[PDB]
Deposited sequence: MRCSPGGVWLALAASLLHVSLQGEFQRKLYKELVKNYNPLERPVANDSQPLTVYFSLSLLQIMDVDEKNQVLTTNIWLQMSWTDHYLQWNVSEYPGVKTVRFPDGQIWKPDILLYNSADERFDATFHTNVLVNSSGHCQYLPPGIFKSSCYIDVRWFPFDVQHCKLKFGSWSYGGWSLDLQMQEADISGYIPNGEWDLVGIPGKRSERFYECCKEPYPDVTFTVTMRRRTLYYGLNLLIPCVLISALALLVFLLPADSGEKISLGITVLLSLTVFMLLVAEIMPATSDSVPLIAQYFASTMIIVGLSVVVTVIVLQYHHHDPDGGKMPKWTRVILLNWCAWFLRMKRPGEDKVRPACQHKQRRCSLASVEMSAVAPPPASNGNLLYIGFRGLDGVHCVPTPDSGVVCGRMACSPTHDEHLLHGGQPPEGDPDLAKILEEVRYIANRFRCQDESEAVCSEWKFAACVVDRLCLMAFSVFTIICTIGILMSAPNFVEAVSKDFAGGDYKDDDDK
């Protein structure tokens, strides 16, 4: 209308977007900063990037953008575009986007008292440290650090307000615990001036039902199968084939959980340590079974030829467990061959007792590894039952 046109013509007279809008130049300009989280779009562990949907919230007071409502009846607010009035230069310090600023520039809304509001939307990709040493039951804290790039403490007085989560859309993979904020003043090598800073710490907790069904069940089944092959009597066909099958299959296909983790050499997930330990154990079992099967089975003393190992093995055993007549004489000779088969079965009994001792060693080593893994994963996080109480449902 007429009054809106007159007001817009008046307001921009002698205005300088460069100048900071304060009545007194010696005093700071208070700016209230806050955040509104709408969606956690991605939590990428390979590159360690958290991608979120966020509305910023900046509020301040402009001294020159004031008018009297009775003189311009009907108009109570005006809106200014990006390059027409002064705006704070608030940036995310720890950004991972190719462009350092990922906010869509919308209008600034001003009312009759010169109160400016600015709520730009954006999709922010920030770099945060991802820890999967406790996978799949882990809590992640990712920081978002916002601050003015070129305005010090004596010029721009940043203030913090509590973040808004009323419009949050729950994620199917991660459960939001909270998002608290902290305001602090930092000193840099640039210059002698404190710089305010506002940091929001998004805390997420994973939902373990999908990964549970995908990994825990076949992992438990494979561990039980390995326990069986440890308990299985040593034989050529079934034992060696099953051992090599478990070894190769696990060693090749277990990387489907390693492909979701970074290569950071700060710690190891407990599931990977358990896999590696059982892998070494089953490898030792298969090599020792092959040795006791094919290397030598014709004499009971073959394995115990050194006294040094013999003493320890014995201690462990004590601690744990006419012409027609000569043709019929050739029939007696094949009977003696059956007797030699009995001798070979006695040698096999001795070597199988040794192999069962080694198998019991593999067995209780594997069970101790499983026990430490499960006691670590059960009493790991405070109020762990919550997961089984909430996620498994």
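The deposited sequence has C-alpha coordinates everywhere except the stretches 1 to 22, 344 to 430, 503 to 512.
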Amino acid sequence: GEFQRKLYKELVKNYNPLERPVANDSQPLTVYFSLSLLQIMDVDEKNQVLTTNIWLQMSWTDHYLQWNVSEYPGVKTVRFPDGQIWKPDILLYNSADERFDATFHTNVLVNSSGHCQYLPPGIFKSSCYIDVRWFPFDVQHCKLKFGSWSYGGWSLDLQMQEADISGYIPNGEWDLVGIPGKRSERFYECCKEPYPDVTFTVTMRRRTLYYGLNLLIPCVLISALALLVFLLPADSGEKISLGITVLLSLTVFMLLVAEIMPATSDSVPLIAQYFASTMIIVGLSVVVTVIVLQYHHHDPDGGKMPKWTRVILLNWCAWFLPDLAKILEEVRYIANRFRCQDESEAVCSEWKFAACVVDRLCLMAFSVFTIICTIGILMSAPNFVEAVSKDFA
From here on, numbers count along this sequence of modelled residues.
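So that the term is clear: the rigid core is the largest set of C-alpha atoms that superpose within 1.5 Å between two forms.
After superposing on the rigid core, the larger RMS C-alpha deviation in 9 other deposited structures of this protein belongs to 366 to 374, the other candidate being whichever of 366 to 374 and 6 to 14 remains. Superposing the other copies on the rigid core and comparing 232 to 240 to 88 to 96, farther C-alpha placement in 9 other deposited structures of this protein marks 232 to 240.
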